[PDB]
file entry-v5.txt (compact mmCIF, N, CA and C atoms (P, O5', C5', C4', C3', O3' and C1' of nucleotides))
# COMPACT_ATOMS: atom_id res chain seq x y z
N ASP P 7 59.17 2.42 6.11
CA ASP P 7 59.82 1.36 6.86
C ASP P 7 58.85 0.71 7.85
N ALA P 8 57.93 1.52 8.40
CA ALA P 8 56.90 1.09 9.33
C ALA P 8 55.62 0.57 8.63
N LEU P 9 55.72 0.18 7.36
CA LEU P 9 54.54 -0.14 6.54
C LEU P 9 53.65 -1.23 7.14
N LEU P 10 54.24 -2.14 7.92
CA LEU P 10 53.46 -3.17 8.60
C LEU P 10 52.33 -2.58 9.44
N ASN P 11 52.51 -1.39 9.98
CA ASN P 11 51.43 -0.76 10.74
C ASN P 11 50.25 -0.43 9.84
N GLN P 12 50.52 0.06 8.62
CA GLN P 12 49.44 0.38 7.69
C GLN P 12 48.67 -0.87 7.28
N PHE P 13 49.38 -1.94 6.93
CA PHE P 13 48.67 -3.18 6.60
C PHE P 13 47.91 -3.76 7.80
N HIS P 14 48.49 -3.70 9.00
CA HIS P 14 47.78 -4.13 10.20
C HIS P 14 46.50 -3.35 10.43
N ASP P 15 46.56 -2.03 10.30
CA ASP P 15 45.37 -1.21 10.43
C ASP P 15 44.32 -1.55 9.38
N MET P 16 44.74 -1.75 8.13
CA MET P 16 43.78 -2.15 7.10
C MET P 16 43.08 -3.45 7.46
N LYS P 17 43.86 -4.44 7.90
CA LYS P 17 43.32 -5.73 8.33
C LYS P 17 42.34 -5.56 9.48
N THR P 18 42.63 -4.63 10.39
CA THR P 18 41.85 -4.54 11.62
C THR P 18 40.55 -3.76 11.41
N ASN P 19 40.59 -2.63 10.69
CA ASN P 19 39.49 -1.66 10.68
C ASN P 19 38.55 -1.78 9.47
N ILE P 20 39.00 -2.32 8.34
CA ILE P 20 38.15 -2.22 7.16
C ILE P 20 36.84 -3.01 7.32
N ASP P 21 36.79 -3.99 8.24
CA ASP P 21 35.52 -4.65 8.55
C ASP P 21 34.44 -3.65 8.94
N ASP P 22 34.79 -2.68 9.78
CA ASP P 22 33.82 -1.69 10.23
C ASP P 22 33.56 -0.65 9.16
N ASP P 23 34.56 -0.36 8.33
CA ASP P 23 34.28 0.58 7.23
C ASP P 23 33.24 0.02 6.26
N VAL P 24 33.33 -1.27 5.93
CA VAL P 24 32.31 -1.89 5.09
C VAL P 24 30.96 -1.95 5.79
N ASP P 25 30.95 -2.34 7.07
CA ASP P 25 29.68 -2.39 7.80
C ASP P 25 28.99 -1.03 7.85
N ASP P 26 29.74 0.04 8.11
CA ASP P 26 29.16 1.38 8.10
C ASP P 26 28.57 1.76 6.75
N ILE P 27 29.30 1.52 5.66
CA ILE P 27 28.75 1.90 4.35
C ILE P 27 27.49 1.08 4.03
N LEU P 28 27.49 -0.21 4.36
CA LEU P 28 26.27 -1.00 4.20
C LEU P 28 25.11 -0.43 5.01
N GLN P 29 25.35 -0.08 6.27
CA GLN P 29 24.28 0.46 7.10
C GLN P 29 23.73 1.77 6.54
N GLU P 30 24.61 2.65 6.10
CA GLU P 30 24.19 3.93 5.54
C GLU P 30 23.35 3.74 4.28
N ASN P 31 23.79 2.86 3.39
CA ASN P 31 22.99 2.60 2.19
C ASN P 31 21.68 1.89 2.50
N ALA P 32 21.63 1.04 3.53
CA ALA P 32 20.36 0.42 3.92
C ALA P 32 19.35 1.45 4.42
N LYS P 33 19.79 2.34 5.30
CA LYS P 33 18.92 3.43 5.74
C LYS P 33 18.43 4.26 4.56
N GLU P 34 19.35 4.64 3.67
CA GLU P 34 18.95 5.43 2.50
C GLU P 34 17.96 4.67 1.62
N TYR P 35 18.12 3.35 1.49
CA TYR P 35 17.16 2.57 0.72
C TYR P 35 15.76 2.72 1.30
N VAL P 36 15.62 2.56 2.61
CA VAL P 36 14.29 2.72 3.22
C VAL P 36 13.75 4.13 3.01
N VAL P 37 14.56 5.15 3.25
CA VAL P 37 14.09 6.53 3.07
C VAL P 37 13.58 6.76 1.64
N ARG P 38 14.38 6.35 0.65
CA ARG P 38 13.99 6.55 -0.74
C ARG P 38 12.75 5.74 -1.11
N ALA P 39 12.62 4.52 -0.61
CA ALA P 39 11.43 3.74 -0.90
C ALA P 39 10.18 4.35 -0.27
N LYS P 40 10.30 4.86 0.96
CA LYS P 40 9.17 5.53 1.60
C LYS P 40 8.69 6.73 0.80
N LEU P 41 9.61 7.47 0.19
CA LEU P 41 9.19 8.54 -0.72
C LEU P 41 8.59 7.99 -2.02
N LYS P 42 9.28 7.05 -2.67
CA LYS P 42 8.84 6.53 -3.96
C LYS P 42 7.44 5.91 -3.91
N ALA P 43 7.08 5.29 -2.78
CA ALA P 43 5.73 4.76 -2.63
C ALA P 43 4.68 5.83 -2.89
N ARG P 44 4.74 6.94 -2.16
CA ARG P 44 3.76 7.99 -2.41
C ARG P 44 3.98 8.65 -3.76
N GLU P 45 5.20 8.55 -4.30
CA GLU P 45 5.44 9.10 -5.63
C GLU P 45 4.60 8.42 -6.70
N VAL P 46 4.25 7.14 -6.53
CA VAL P 46 3.49 6.45 -7.58
C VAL P 46 2.12 5.92 -7.14
N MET P 47 1.96 5.60 -5.86
CA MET P 47 0.69 5.08 -5.34
C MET P 47 -0.28 6.21 -5.01
N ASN P 48 -0.84 6.79 -6.07
CA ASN P 48 -1.68 7.98 -5.97
C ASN P 48 -2.99 7.84 -6.75
N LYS P 49 -3.49 6.61 -6.93
CA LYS P 49 -4.86 6.44 -7.41
C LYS P 49 -5.90 6.82 -6.38
N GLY P 50 -5.50 7.11 -5.14
CA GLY P 50 -6.30 7.90 -4.23
C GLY P 50 -6.86 7.19 -3.01
N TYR P 51 -6.41 5.97 -2.72
CA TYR P 51 -6.89 5.20 -1.58
C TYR P 51 -5.89 5.24 -0.43
N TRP P 52 -4.85 6.07 -0.55
CA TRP P 52 -3.71 6.06 0.36
C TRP P 52 -4.09 6.30 1.81
N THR P 53 -3.84 5.29 2.65
CA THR P 53 -3.64 5.51 4.08
C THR P 53 -2.17 5.67 4.41
N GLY P 54 -1.29 5.10 3.59
CA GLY P 54 0.14 5.06 3.83
C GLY P 54 0.62 3.94 4.72
N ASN P 55 -0.26 3.01 5.10
CA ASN P 55 0.15 1.90 5.96
C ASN P 55 1.31 1.11 5.37
N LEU P 56 1.39 1.01 4.04
CA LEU P 56 2.59 0.48 3.40
C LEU P 56 3.85 1.20 3.85
N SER P 57 3.85 2.52 3.73
CA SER P 57 5.04 3.31 4.06
C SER P 57 5.36 3.28 5.55
N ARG P 58 4.35 3.09 6.40
CA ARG P 58 4.60 2.80 7.81
C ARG P 58 5.32 1.48 8.05
P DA S 1 -1.90 1.68 1.65
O5' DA S 1 -0.77 2.26 0.68
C5' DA S 1 -1.13 2.89 -0.54
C4' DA S 1 -1.76 1.91 -1.53
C3' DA S 1 -2.98 2.46 -2.28
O3' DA S 1 -2.63 2.75 -3.61
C1' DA S 1 -3.23 0.17 -1.71
P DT S 2 -3.61 3.62 -4.54
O5' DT S 2 -4.60 2.53 -5.14
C5' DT S 2 -4.10 1.56 -6.05
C4' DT S 2 -5.17 0.53 -6.40
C3' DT S 2 -6.50 1.12 -6.87
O3' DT S 2 -6.67 0.82 -8.23
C1' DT S 2 -6.79 -0.75 -5.40
P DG S 3 -7.99 1.25 -9.03
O5' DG S 3 -9.00 0.03 -8.80
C5' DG S 3 -8.61 -1.26 -9.20
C4' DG S 3 -9.47 -2.33 -8.56
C3' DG S 3 -10.95 -2.27 -8.92
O3' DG S 3 -11.18 -3.07 -10.07
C1' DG S 3 -10.52 -3.02 -6.67
P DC S 4 -12.65 -3.28 -10.67
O5' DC S 4 -13.24 -4.54 -9.87
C5' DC S 4 -12.56 -5.79 -9.94
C4' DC S 4 -13.18 -6.81 -9.01
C3' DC S 4 -14.64 -7.15 -9.34
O3' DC S 4 -14.81 -8.57 -9.32
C1' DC S 4 -14.46 -6.41 -7.09
P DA S 5 -16.19 -9.25 -9.80
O5' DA S 5 -16.97 -9.59 -8.44
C5' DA S 5 -16.54 -10.70 -7.65
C4' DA S 5 -17.32 -10.83 -6.36
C3' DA S 5 -18.83 -11.08 -6.52
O3' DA S 5 -19.19 -12.24 -5.74
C1' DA S 5 -18.44 -9.24 -5.06
P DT S 6 -20.68 -12.84 -5.72
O5' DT S 6 -21.37 -12.19 -4.43
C5' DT S 6 -20.92 -12.59 -3.14
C4' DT S 6 -21.59 -11.78 -2.04
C3' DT S 6 -23.12 -11.89 -1.98
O3' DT S 6 -23.49 -12.41 -0.70
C1' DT S 6 -22.41 -9.62 -1.83
P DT S 7 -25.02 -12.67 -0.30
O5' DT S 7 -25.46 -11.34 0.48
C5' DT S 7 -24.85 -11.04 1.73
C4' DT S 7 -25.25 -9.65 2.23
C3' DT S 7 -26.75 -9.46 2.48
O3' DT S 7 -26.95 -9.09 3.85
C1' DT S 7 -25.86 -7.65 1.21
P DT S 8 -28.41 -8.96 4.48
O5' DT S 8 -28.83 -7.43 4.25
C5' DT S 8 -28.15 -6.40 4.95
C4' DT S 8 -28.50 -5.03 4.39
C3' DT S 8 -29.99 -4.64 4.48
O3' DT S 8 -30.14 -3.58 5.42
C1' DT S 8 -29.04 -4.05 2.36
P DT S 9 -31.60 -3.02 5.83
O5' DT S 9 -31.87 -1.82 4.81
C5' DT S 9 -31.07 -0.65 4.89
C4' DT S 9 -31.36 0.29 3.73
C3' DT S 9 -32.80 0.79 3.65
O3' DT S 9 -32.81 2.21 3.71
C1' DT S 9 -32.04 0.02 1.52
P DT S 10 -34.18 3.05 3.79
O5' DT S 10 -34.58 3.34 2.27
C5' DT S 10 -33.79 4.26 1.50
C4' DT S 10 -34.11 4.14 0.02
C3' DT S 10 -35.55 4.47 -0.36
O3' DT S 10 -35.63 5.83 -0.80
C1' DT S 10 -34.64 2.62 -1.62
P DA S 11 -37.05 6.52 -1.13
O5' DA S 11 -37.28 6.24 -2.69
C5' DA S 11 -36.40 6.82 -3.65
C4' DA S 11 -36.79 6.47 -5.08
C3' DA S 11 -38.16 6.96 -5.51
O3' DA S 11 -38.10 7.37 -6.88
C1' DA S 11 -38.14 4.58 -5.50
P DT S 12 -39.40 7.89 -7.68
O5' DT S 12 -39.94 6.60 -8.44
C5' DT S 12 -39.16 6.03 -9.47
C4' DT S 12 -39.71 4.69 -9.93
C3' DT S 12 -41.11 4.73 -10.55
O3' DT S 12 -41.02 4.41 -11.93
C1' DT S 12 -40.84 2.88 -9.06
P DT S 13 -42.31 4.39 -12.88
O5' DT S 13 -42.80 2.87 -12.86
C5' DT S 13 -41.96 1.87 -13.43
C4' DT S 13 -42.53 0.48 -13.22
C3' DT S 13 -43.91 0.24 -13.85
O3' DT S 13 -43.85 -0.92 -14.67
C1' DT S 13 -43.92 -0.43 -11.56
P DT S 14 -45.08 -1.36 -15.61
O5' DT S 14 -45.98 -2.30 -14.67
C5' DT S 14 -45.46 -3.56 -14.26
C4' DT S 14 -46.27 -4.15 -13.12
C3' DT S 14 -47.73 -4.44 -13.45
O3' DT S 14 -47.88 -5.83 -13.72
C1' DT S 14 -47.43 -3.56 -11.22
P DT S 15 -49.31 -6.48 -14.06
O5' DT S 15 -49.90 -6.91 -12.63
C5' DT S 15 -49.19 -7.86 -11.85
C4' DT S 15 -49.79 -7.99 -10.46
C3' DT S 15 -51.23 -8.51 -10.43
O3' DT S 15 -51.29 -9.67 -9.60
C1' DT S 15 -51.04 -6.53 -9.12
P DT S 16 -52.61 -10.59 -9.54
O5' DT S 16 -53.49 -9.95 -8.35
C5' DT S 16 -53.05 -10.06 -6.99
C4' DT S 16 -53.83 -9.12 -6.09
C3' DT S 16 -55.33 -9.38 -6.04
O3' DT S 16 -55.66 -10.17 -4.90
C1' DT S 16 -54.78 -7.02 -6.03
call {"tool": "encode", "arguments": {"input": "entry-v5.txt", "output": "structure tokens"}}
result
Amino acid sequence: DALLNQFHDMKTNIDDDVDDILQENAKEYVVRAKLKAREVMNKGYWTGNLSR
DNA sequence: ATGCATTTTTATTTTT
């Protein structure tokens, strides 16, 4: 009977739920790329300035 | 990050 509260909460909060998941995946993208760089760039001149 | 092009130093061949 109080279902309007559930729809109101969905309207209000899901903006931040999407923003959080985007932020988490963005951080994970950088972490994984920083690993993958050294995973393949190993012809032996590595300073790692790319990964910095 | 990986590589190529130019400059410099060197040991050897040759001329004087």
call {"tool": "closest_residue", "arguments": {"input": "entry-v5.txt", "among": "P:58, P:42, P:49, P:14", "to": "chain S", "atoms": "all atoms listed in the file"}}
result
P:49
call {"tool": "atom_distance", "arguments": {"input": "entry-v5.txt", "atom1": "CA of residue 55 (chain P)", "atom2": "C1' of residue 6 (chain S)"}}
result
26.5 Å
call {"tool": "interface_residues", "arguments": {"input": "entry-v5.txt", "of": "chain S", "to": "chain P", "cutoff": "7 Å", "atoms": "only N, CA and C atoms (P, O5', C5', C4', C3', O3' and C1' of nucleotides)", "output": "number ranges by chain"}}
result
S: 1-3
call {"tool": "atom_distance", "arguments": {"input": "entry-v5.txt", "atom1": "CA of residue 36 (chain P)", "atom2": "CA of residue 57 (chain P)"}}
result
9.3 Å
call {"tool": "atom_distance", "arguments": {"input": "entry-v5.txt", "atom1": "atom C of residue 9 (chain P)", "atom2": "atom N of residue 21 (chain P)"}}
result
17.1 Å
call {"tool": "select_by_dssp", "arguments": {"input": "entry-v5.txt", "residues": "chain P", "states": "helix (DSSP H, G or I)", "output": "count of residues only"}}
result
38
call {"tool": "axis_aligned_box", "arguments": {"input": "entry-v5.txt", "around": "region 12-28 of chain P", "padding_each_side": "6 Å", "output": "JSON"}}
result
{"center_x": 37.8, "center_y": -1.9, "center_z": 7.8, "size_x": 37.4, "size_y": 19.6, "size_z": 19.6}
call {"tool": "build_atoms", "arguments": {"input": "entry-v5.txt", "residues": "region 18-36 of chain P", "atoms": "N, CA, C and O atoms", "output": "short mmCIF file (atom, residue, chain, number, x, y, z; two decimals), keeping the file's coordinate frame"}}
result
data_model
loop_
_atom_site.label_atom_id
_atom_site.label_comp_id
_atom_site.auth_asym_id
_atom_site.auth_seq_id
_atom_site.Cartn_x
_atom_site.Cartn_y
_atom_site.Cartn_z
N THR P 18 42.63 -4.63 10.39
CA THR P 18 41.85 -4.54 11.62
C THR P 18 40.55 -3.76 11.41
O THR P 18 39.50 -4.17 11.91
N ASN P 19 40.59 -2.63 10.69
CA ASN P 19 39.49 -1.66 10.68
C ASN P 19 38.55 -1.78 9.47
O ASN P 19 37.39 -1.31 9.54
N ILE P 20 39.00 -2.32 8.34
CA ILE P 20 38.15 -2.22 7.16
C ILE P 20 36.84 -3.01 7.32
O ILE P 20 35.85 -2.72 6.63
N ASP P 21 36.79 -3.99 8.24
CA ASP P 21 35.52 -4.65 8.55
C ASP P 21 34.44 -3.65 8.94
O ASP P 21 33.31 -3.69 8.42
N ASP P 22 34.79 -2.68 9.78
CA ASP P 22 33.82 -1.69 10.23
C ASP P 22 33.56 -0.65 9.16
O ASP P 22 32.45 -0.12 9.08
N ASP P 23 34.56 -0.36 8.33
CA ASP P 23 34.28 0.58 7.23
C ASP P 23 33.24 0.02 6.26
O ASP P 23 32.29 0.73 5.87
N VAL P 24 33.33 -1.27 5.93
CA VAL P 24 32.31 -1.89 5.09
C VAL P 24 30.96 -1.95 5.79
O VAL P 24 29.92 -1.67 5.19
N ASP P 25 30.95 -2.34 7.07
CA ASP P 25 29.68 -2.39 7.80
C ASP P 25 28.99 -1.03 7.85
O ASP P 25 27.77 -0.94 7.66
N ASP P 26 29.74 0.04 8.11
CA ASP P 26 29.16 1.38 8.10
C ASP P 26 28.57 1.76 6.75
O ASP P 26 27.45 2.28 6.68
N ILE P 27 29.30 1.52 5.66
CA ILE P 27 28.75 1.90 4.35
C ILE P 27 27.49 1.08 4.03
O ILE P 27 26.51 1.62 3.50
N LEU P 28 27.49 -0.21 4.36
CA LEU P 28 26.27 -1.00 4.20
C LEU P 28 25.11 -0.43 5.01
O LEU P 28 23.99 -0.32 4.51
N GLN P 29 25.35 -0.08 6.27
CA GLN P 29 24.28 0.46 7.10
C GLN P 29 23.73 1.77 6.54
O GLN P 29 22.50 1.98 6.50
N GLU P 30 24.61 2.65 6.10
CA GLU P 30 24.19 3.93 5.54
C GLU P 30 23.35 3.74 4.28
O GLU P 30 22.28 4.36 4.13
N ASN P 31 23.79 2.86 3.39
CA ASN P 31 22.99 2.60 2.19
C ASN P 31 21.68 1.89 2.50
O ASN P 31 20.68 2.13 1.81
N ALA P 32 21.63 1.04 3.53
CA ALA P 32 20.36 0.42 3.92
C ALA P 32 19.35 1.45 4.42
O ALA P 32 18.18 1.47 3.99
N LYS P 33 19.79 2.34 5.30
CA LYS P 33 18.92 3.43 5.74
C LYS P 33 18.43 4.26 4.56
O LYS P 33 17.24 4.57 4.45
N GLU P 34 19.35 4.64 3.67
CA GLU P 34 18.95 5.43 2.50
C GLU P 34 17.96 4.67 1.62
O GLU P 34 17.05 5.28 1.04
N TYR P 35 18.12 3.35 1.49
CA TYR P 35 17.16 2.57 0.72
C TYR P 35 15.76 2.72 1.30
O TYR P 35 14.80 2.98 0.56
N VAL P 36 15.62 2.56 2.61
CA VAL P 36 14.29 2.72 3.22
C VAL P 36 13.75 4.13 3.01
O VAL P 36 12.57 4.31 2.66
#
